[PDB]
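Since every read-out is calculated from the coordinates, none of them should be taken as a lab result. For neighbour counting, all protein chains shown are included, and Cβ atoms are generated from backbone atoms with ideal geometry for every residue, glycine included.
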Amino acid sequence: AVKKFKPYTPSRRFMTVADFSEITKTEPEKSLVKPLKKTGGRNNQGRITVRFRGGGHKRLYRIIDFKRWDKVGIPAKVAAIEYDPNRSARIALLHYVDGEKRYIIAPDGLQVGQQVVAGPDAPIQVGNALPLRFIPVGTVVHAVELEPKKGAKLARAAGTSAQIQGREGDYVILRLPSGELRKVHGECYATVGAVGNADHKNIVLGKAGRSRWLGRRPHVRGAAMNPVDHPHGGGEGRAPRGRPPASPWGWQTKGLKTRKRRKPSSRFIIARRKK
Amino acid sequence: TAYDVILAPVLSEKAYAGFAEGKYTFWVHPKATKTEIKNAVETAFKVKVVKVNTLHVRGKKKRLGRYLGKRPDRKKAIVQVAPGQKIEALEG
Amino acid sequence: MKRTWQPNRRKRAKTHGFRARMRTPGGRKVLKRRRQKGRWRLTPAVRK
RNA sequence: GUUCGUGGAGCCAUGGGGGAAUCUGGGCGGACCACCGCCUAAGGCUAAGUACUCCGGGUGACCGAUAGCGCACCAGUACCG
RNA sequence: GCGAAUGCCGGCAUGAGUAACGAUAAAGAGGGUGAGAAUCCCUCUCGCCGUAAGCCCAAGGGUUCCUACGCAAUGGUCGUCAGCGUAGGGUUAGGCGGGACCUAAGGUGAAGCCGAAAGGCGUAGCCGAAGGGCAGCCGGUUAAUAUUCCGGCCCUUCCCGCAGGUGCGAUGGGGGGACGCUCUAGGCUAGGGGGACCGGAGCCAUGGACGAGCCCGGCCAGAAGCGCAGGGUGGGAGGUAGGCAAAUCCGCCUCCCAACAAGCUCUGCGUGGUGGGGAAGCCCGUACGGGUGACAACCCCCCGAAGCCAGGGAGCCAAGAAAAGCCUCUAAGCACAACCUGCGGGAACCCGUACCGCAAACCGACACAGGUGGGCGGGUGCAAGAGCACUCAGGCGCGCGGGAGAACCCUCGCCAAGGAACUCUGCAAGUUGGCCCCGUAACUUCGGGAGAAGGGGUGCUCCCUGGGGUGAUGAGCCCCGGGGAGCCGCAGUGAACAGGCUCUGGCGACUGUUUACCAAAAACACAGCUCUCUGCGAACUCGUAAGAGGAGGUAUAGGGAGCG
Ligand SMILES: [Mg+2]
Ligand SMILES: [Mg+2]
Ligand SMILES: [Mg+2]
Ligand SMILES: [Mg+2]
Ligand SMILES: [Mg+2]
Ligand SMILES: [Mg+2]
Ligand SMILES: [Mg+2]
Ligand SMILES: [Mg+2]
Ligand SMILES: [Mg+2]
Ligand SMILES: [Mg+2]
Ligand SMILES: [Mg+2]
Ligand SMILES: [Mg+2]
Ligand SMILES: [Mg+2]
Ligand SMILES: [Mg+2]
Ligand SMILES: [Mg+2]
Ligand SMILES: [Mg+2]
Ligand SMILES: [Mg+2]
Ligand SMILES: [Mg+2]
Ligand SMILES: [Mg+2]
Ligand SMILES: [Mg+2]
Ligand SMILES: [Mg+2]
Ligand SMILES: [Mg+2]
Ligand SMILES: [Mg+2]
Ligand SMILES: [Mg+2]
Ligand SMILES: [Mg+2]
Ligand SMILES: [Mg+2]
Ligand SMILES: [Mg+2]
Ligand SMILES: [Mg+2]
Ligand SMILES: [Mg+2]
Ligand SMILES: [Mg+2]
Ligand SMILES: [Mg+2]
Ligand SMILES: [Mg+2]
Ligand SMILES: [Mg+2]
Ligand SMILES: [Mg+2]
Ligand SMILES: [Mg+2]
Ligand SMILES: [Mg+2]
Ligand SMILES: [Mg+2]
Ligand SMILES: [Mg+2]
Ligand SMILES: [Mg+2]
Ligand SMILES: [Mg+2]
Ligand SMILES: [Mg+2]
Ligand SMILES: [Mg+2]
Ligand SMILES: [Mg+2]
Ligand SMILES: [Mg+2]
Ligand SMILES: [Mg+2]
Ligand SMILES: [Mg+2]
Ligand SMILES: [Mg+2]
Ligand SMILES: [Mg+2]
Ligand SMILES: [Mg+2]
Ligand SMILES: [Mg+2]
Ligand SMILES: [Mg+2]
Ligand SMILES: [Mg+2]
Ligand SMILES: [Mg+2]
Ligand SMILES: [Mg+2]
Ligand SMILES: [Mg+2]
Ligand SMILES: [Mg+2]
Ligand SMILES: [Mg+2]
Ligand SMILES: [Mg+2]
Ligand SMILES: [Mg+2]
Ligand SMILES: [Mg+2]
Ligand SMILES: [Mg+2]
Ligand SMILES: [Mg+2]
Ligand SMILES: [Mg+2]
Ligand SMILES: [Mg+2]
Ligand SMILES: [Mg+2]
Ligand SMILES: [Mg+2]
Ligand SMILES: [Mg+2]
Ligand SMILES: [Mg+2]
Ligand SMILES: [Mg+2]
Ligand SMILES: [Mg+2]
Ligand SMILES: [Mg+2]
Ligand SMILES: [Mg+2]
Ligand SMILES: [Mg+2]
Ligand SMILES: [Mg+2]
Ligand SMILES: [Mg+2]
Ligand SMILES: [Mg+2]
Ligand SMILES: [Mg+2]
Ligand SMILES: [Mg+2]
Ligand SMILES: [Mg+2]
Ligand SMILES: [Mg+2]
Ligand SMILES: [Mg+2]
Ligand SMILES: [Mg+2]
Ligand SMILES: [Mg+2]
């Protein structure tokens with residue numbers, strides 16, 4: 001389940017490590033389809049924009065091809081399940097009958113050597129890529145696509161799974177892991193089953209490290225600021241919050257619908273968020 | 001234009017110690033080339049040279065009175081001559 | 001402690017050099033003010 | 001912009017919206033209407049007279065090495081950054 | 001028209017022959033040069049560093065390096081000396097470090113995008129290094145150059161002619177190059193310690209000693225080949241849509257076989273043709289140093305690395321660059337060409353090269369008690385060790401000294417009796433201190449507190465004995481011990497390096513970070529918890545915009561806020 005530790009040192013009593021049991025399929029990593037160095041930069045051309053990112057360990061990018069129309073109707077063979085520090089889920093080093101190396105994120109419960117095909121002529125088993133009009137209703141599904149022939153973007157984190165809640169003509173209604181009933185189009189691809197690695201919630205980072213290992217700089221709190229930077233800063237001995245709730249750029253941080261109201265990607269949702 | 005060559009032998013004590021061997025060192029043009037020196041000595045002196053070796057001499061800063069300047073920046077070369085024959089014009 | 005001027009040939013050459021002036025719109029202002037003032041060394045010379 | 005700062009606010013160019021006519025067609029004479037006068041816009045060029053002195057020379061109720069340009073001298077140099 | 005503006009500029013005063021003369025490592029003496037010597041040169045003693053106050057490089061500085069002649073000025077004094085002045089020399093590279101090779105962050109930048117203009121993004125490509133690849137080791141020579149000059153010896157690139165063989169050939173494809181941290185098994189090397197063995201000029205001091213007596217050195221480099229230790233690699237046949245396919249190459253599936261192996265390739269070490277070095281001591285010694293003592297010896301044993309085999313093995317999560325050389329297959333092209341291996345002959349280019357480089361030459365206005373990256377960095381004893389004490393090779397006595405030995409300042413040592421009574425406070429100082437052996441509480445998140453607190457021993461001599469490693473099974477040599485018998489001193493880690501402890505509360509969970517240069521904290525951060533927003537051309541941020549961060553991420557993710 002969870003790899004734990006007895007508190008032989010402080011800042012080790014609560015530090016839990018995820019189970020490295022599916023990683024036994026390959027101990028090294030195939031250096032064929034991942035040559036691209038991930039240039040790890042927290043900033044744009046000069047300015048730190050996303051505040052407190054960077055640092056950490058050197059990380060190498062794994063080129064995935066989630067465009068499952070790369071080979072339509074060509075079966076595969078899941079031969080390895082390996083680690084991926086970019087995504088939050090372990091990926092599946094799978095070969096082809098054609099013989100082409102391919103990295104796909106591993107769904108919930110893969111093994112070694114089963115057959116999986118990225119085509120519409122595929123029965124319902126966990127791994128296959130099928131269009132949403134060919135997905136049956138009620139079946140859990142992940143790696144679904146918003147607008148067709150644009151890859152696979154929705155529900156790719158660990159343990160998450162979208163679910164078909166019915167059909168409305170040409171657009172299918174599926175709920176996302178937030179609980180937002182959204183319609184998408186019917187020939188974009190989708191991989192059934194949950195993603196897995198559902199122990200990703202249950203891990204505890206432990207010390208101040210494993211944030212500095214992963215590359216999150218120390219997120220300084222706003223109540224200890226100065227009034228030059230933050231509206232909450234200053235005050236003689238922790239002054240209370242200065243009558244807003246606020247971000248460091250003025251806009252209210254608790255309860256502000258900052259979504260673009262007249263966005264053309266609207267009109268498809270028939271729900272907003274499950275509470 | 002023959003873009004010509006050697007200014008002067010350096011007439012030093014190590015030069016006259018290299019006079020017993022086939023060394024025969026001299027100053028050159030500061031933008032010369034180690035093949036161009038072999039081309040210069042083997043045609044201007046009618047000899048055969050095995051191994052030219054050059055080195056770039058930086059001039060010393062030097063003054064006369066209260067006005068400081070520097071001596072020029074110039075290159076020095078040695079020429080390893082093929083045995084048997086030598087030069088019979090450098091007898092300083 | 002460290003003093004402010006820790007010298008460096010390549011940092012001085014790529015920082016205050018002639019092309020380090022001439023690739024900027026303000027370095028041409030420098031190279032048109034040093035000539036009007038009449039400096040003998042228009043760019044800080046790096047000794048080789 | 002013209003003296004014009006929205007005032008009765010013309011004229012000259014226009015960022016946007018509507019939008020024609022070719023001498024019985026138009027613009028102007030300071031909200032505007034009629035008469036009466038001036039001129040042809042929506043294409044372009046044009047010397048001469050006017051400003052200034054790196055430089056050349058002549059002059060000065062201009063100065064005479066703490067003056068005069070920062071430098072009468074091997075000065076935008078030595079030196080500082 | 002000057003006397004004032006804490007006016008300015010230049011000169012000269014007071015402070016005054018006053019403080020200081022720059023780490024409290026230390027100087028003394030005899031000769032020589034010289035007009036002049038505590039300071040320059042030589043010799044004999046003493047002291048200091050010796051994980052450097054020694055040596056080798058990269059930074060940095062730019063002739064400061066050497067010789068000869070001098071003290072106008074400088075050296076916190078003098079100075080005949082000088083890193084000071086004048087003149088003359090000195091840096092030698094196919095193999096060392098860079099370019100003619102490549103690439104990362106980043107920069108420039110064909111196409112393209114945006115912006116009043118200057119300009120700003122930006123694919124391909126280019127630049128970009130203490131990153132990858134690439135062919136050199138030993139010794140001598142000068143006053144100054146040495147992996148460069150020379151002596152030995154081994155290699156690399158390119159071209160030409162010949163011999164043999166081949167379907168040769170890319171800016172194309174493919175494998176490899178290609179990588180984390182910690183612990184590390186085996187062998188070797190660097191380095192080091194002994195020997196009754198080898199060689200050497202000498203000595204028997206002062207009481208004893210002509211002997212396993214004292215002292216010094218017992219090496220380095222080295223091609224082919226041969227041994228030792230490792231690393232890499234399954235050998236063939238067919239099919240295959242893929243390598244933004246052109247493939248016999250690679251990937252996938254069927255394998256008669258081999259399969260912890262062996263074969264074939266790649267390194268390191270030893271031996272190896274041979275070459276070089278060869279002391280301590282003694283004569284000639286101005287300096288420098290030269291002959292030396294040899295026909296020099298150049299043997300054996302042990303300790304042993306962080307270094308090499310290396311891309312070894314095991315464990316862990318935080319998951320650990322790119323491209324080029326080189327190996328292979330082909331497209332256009334060429335197959336009288338082109339490529340590979342030998343045999344002989346040629347060519348190998350541009351820059352750096354001196355000196356200081358943990359300081360007097362770098363940065364600090366200074367010959368400044370500050371700071372400056374990498375490597376070697378010995379020996380003996382303290383359990384160990386780059387710590388401590390001393391000392392090899394190497395340097396140095398710190399560029400003002402000599403008297404007296406007042407108060408007073410700094411540093412250090414000691415003290416009858418009291419033992420914190422002084423003070424805002426055991427502030428400071430002092431004790432404990434290292435190792436081995438018994439013992440260790442309240443309380444708890446069962447780890448910890450804890451080295452709790454408290455104690456006993458530590459020196460030397462002899463005898464017996466358990467072993468382990470190398471060596472051969474032990475003789476020899478190192479390491480871990482145990483018991484008994486004694487001996488001396490007040491004291492036995494006899495010197496130096498080395499915890500004061502306990503109880504009780506406050507605050508912060510803890511490690512860590514900050515107010516460079518008056519505040520290291522009850523301040524910041526932290527894991528974790530909660531709220532809110534964001535479904536993607538996301539939210540939010542920078543930018544007029546393009547665009548970029550987010551992110552080559554997807555509500556188990558990201559942004560903001562609060563408590564911690
Ligand atoms: Mg590859
Ligand atoms: Mg956090
Ligand atoms: Mg504050
Ligand atoms: Mg600020
Ligand atoms: Mg504010
Ligand atoms: Mg050279
Ligand atoms: Mg107006
Ligand atoms: Mg108008
Ligand atoms: Mg308009
Ligand atoms: Mg009008
Ligand atoms: Mg009008
Ligand atoms: Mg006109
Ligand atoms: Mg004039
Ligand atoms: Mg003047
Ligand atoms: Mg006068
Ligand atoms: Mg300067
Ligand atoms: Mg006066
Ligand atoms: Mg005064
Ligand atoms: Mg004055
Ligand atoms: Mg007096
Ligand atoms: Mg006095
Ligand atoms: Mg006095
Ligand atoms: Mg005094
Ligand atoms: Mg003293
Ligand atoms: Mg003396
Ligand atoms: Mg004397
Ligand atoms: Mg005398
Ligand atoms: Mg003396
Ligand atoms: Mg240099
Ligand atoms: Mg200097
Ligand atoms: Mg000089
Ligand atoms: Mg002299
Ligand atoms: Mg003098
Ligand atoms: Mg003096
Ligand atoms: Mg004299
Ligand atoms: Mg000197
Ligand atoms: Mg000199
Ligand atoms: Mg280049
Ligand atoms: Mg070339
Ligand atoms: Mg390049
Ligand atoms: Mg390239
Ligand atoms: Mg780039
Ligand atoms: Mg760029
Ligand atoms: Mg640009
Ligand atoms: Mg390089
Ligand atoms: Mg390299
Ligand atoms: Mg040679
Ligand atoms: Mg071929
Ligand atoms: Mg050896
Ligand atoms: Mg003997
Ligand atoms: Mg006697
Ligand atoms: Mg020995
Ligand atoms: Mg011996
Ligand atoms: Mg050998
Ligand atoms: Mg080892
Ligand atoms: Mg590549
Ligand atoms: Mg040198
Ligand atoms: Mg030297
Ligand atoms: Mg050092
Ligand atoms: Mg200095
Ligand atoms: Mg001094
Ligand atoms: Mg100093
Ligand atoms: Mg340091
Ligand atoms: Mg002892
Ligand atoms: Mg020892
Ligand atoms: Mg020490
Ligand atoms: Mg000595
Ligand atoms: Mg002395
Ligand atoms: Mg002295
Ligand atoms: Mg002194
Ligand atoms: Mg005294
Ligand atoms: Mg007392
Ligand atoms: Mg007492
Ligand atoms: Mg009291
Ligand atoms: Mg009192
Ligand atoms: Mg104290
Ligand atoms: Mg051993
Ligand atoms: Mg704390
Ligand atoms: Mg402070
Ligand atoms: Mg402080
Ligand atoms: Mg983006
Ligand atoms: Mg969050
Ligand atoms: Mg807080």
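Can you tell me which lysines have their Cα less than 29 Å from the Cα of A:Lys254? Leave out same-chain residues fewer than eight positions away.
Within reach: A:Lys153, A:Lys183, A:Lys201, A:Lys207, A:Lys263, A:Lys274, A:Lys275.
Pull out the extension gain between A:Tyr96 and A:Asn43, defined as 0.36 nm times the separation in residues minus the alpha carbon to alpha carbon distance; nm, one decimal.
Here the answer is 15.2 nm.
Rounded to the nearest 0.05, what FRET efficiency do B:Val57 and A:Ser11 give with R0 = 51 Å and r taken as the Cβ-Cβ distance? Could you check?
Numbers: r = 65 Å, r/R0 = 1.28.
Efficiency for this residue pair is about 0.20.
Just going by the charge dipole of the stretch A:1-124, with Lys and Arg at +1 and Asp and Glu at -1 on Cβ, which of A:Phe5, A:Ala89, A:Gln45 is farthest out on the positive end?
A:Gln45
Amide H neighbours of B:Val52 under 5 Å, counting only residues 5+ apart in sequence or on other chains, H built in-plane at 1.01 Å?
For B:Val52, the qualifying residues are B:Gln80.
At 222 nm, what value in deg cm²/dmol follows for the protein assembly as shown if DSSP H runs of at least 4 each add -39500 (n - 2.57) and the sum is divided by all its residues, to the nearest 500?
Working: 5 runs with 40 residues, N = 415.
Theoretical 222 nm ellipticity from helices: -2500 deg cm²/dmol.
Need the full-extension length gain, A:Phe268 to A:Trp69, defined as separation in residues times 0.36 nm minus the C-alpha distance. One decimal, nm.
On the way: separation 199, 0.36 × 199 = 71.64 nm, distance 2.50 nm.
Net length gain for the segment: 69.1 nm.
Sticking with the crude label model, points 7 Å out along Cα→Cβ, report the distance from B:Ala20 to A:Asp19 in nm, one decimal please.
Going from the B:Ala20 label point to the A:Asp19 one covers 8.8 nm.
Based only on other Cβ atoms within 10 Å, what is the fewest-to-most ordering of C:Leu42, A:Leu36, A:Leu110? Each step should come with its number before you reach the end.
Values: C:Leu42 15, A:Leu36 10, A:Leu110 21.
So the residues, fewest neighbours to most, are A:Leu36, C:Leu42, A:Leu110.
Checking the a/c ratio against 1.5 first, then a/b against b/c, what shape does the Cα gyration tensor give for the stretch A:125-179?
Verdict is rounded for the stretch A:125-179.
Where nothing but the Cβ of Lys and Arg (+1) and of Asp and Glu (-1) is charged, how large is the charge dipole of chain B around its Cα centre, in debye to the nearest 20?
Here the size comes out at about 800 debye.
Setting aside same-chain residues fewer than 8 positions from B:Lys34, which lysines have a Cα under 28 Å from its Cα?
Candidates past the 8-residue exclusion: B:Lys14, B:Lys23, B:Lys46, B:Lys48, B:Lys51, B:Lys60, B:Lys61, B:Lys70, B:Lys75, B:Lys76, B:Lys86, C:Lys48.
Quick check: the distance between the Cα centres of the stretch B:1-70 and the stretch A:198-246, to the nearest angstrom?
72 Å
If you filter the stretch B:7-88 for GluC sites (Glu not before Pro), then keep DSSP loop positions with at most 16 other Cβ within 10 Å, what is left?
B:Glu21, B:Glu88
Report the full-extension gain for the segment A:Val50 to A:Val204: residue separation times 0.36 nm, less the Cα-Cα distance, to one decimal in nm.
Roughly 53.0 nm would be gained on extension.
Could you give the distance between the Cα centres of the stretch A:79-155 and chain C, to the whole Å?
What the calculation gives is 59 Å, centre to centre.
At 7 Å along Cα-to-Cβ for each site, give me the label-to-label distance between C:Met1 and B:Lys46 in nm.
About 7.5 nm, to one decimal.
Could you put A:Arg261, C:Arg39, A:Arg175 in order, starting from the residue whose Cβ has the fewest other Cβ atoms within 10 Å?
A:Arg261, C:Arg39, A:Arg175
Below 8 Å between Cα atoms, with a sequence gap of 6+, how large is the relative contact order for the stretch A:38-133 in percent?
Once divided by the residue count of the stretch A:38-133, the mean separation gives 23 percent.
With the contact rule set at Cα under 8 Å and sequence spacing of 6 or more, what percent relative contact order holds for the stretch B:28-85? All intermediate terms of the calculation are to be shown ahead of the outcome.
Values: 81 pairs, mean separation 22.2, N = 58.
For the stretch B:28-85, the relative contact order is 38 percent.
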